[PDB]
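What follows is a short report on a single structure.
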Amino acid sequence: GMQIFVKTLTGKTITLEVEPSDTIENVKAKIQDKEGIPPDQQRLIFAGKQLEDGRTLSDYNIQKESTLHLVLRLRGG
């Protein structure tokens, strides 16, 4: 298997499934087709490095059971 885990700032943890040949650009389509939330105000960070659109799942050497941080977008300030 190849299950992954994502942690948020609200102390919430979610699990998702994907492939190593999957690209951050393609994986986005799946999220939009489910929620439709545009990654315009969302910033993904991992290992102190900001996930670039030119980065791939396997290219990041993300092993199984990996934990990624999820930032939130505040409105008003």
Remind me, what semi-axes does the chain give for its equivalent ellipsoid, largest first in whole Å, using sqrt of 5 times each Cα gyration tensor eigenvalue?
-> 20, 15, 13
With only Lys, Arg, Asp and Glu charged, each at its Cβ (+1 for the first two, -1 for the last two), find how big the charge dipole of the chain is about the Cα centre; round to the nearest 20 debye.
-> 420 debye
Gain upon complete extension [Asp40, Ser21; 0.36 nm per residue less C-alpha separation] = 4.5 nm
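Positions of Cβ are backbone-derived with ideal geometry, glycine not excepted, and every protein chain shown enters the neighbour counts. Only the coordinates and a few stated rules stand behind these numbers; no lab work does.
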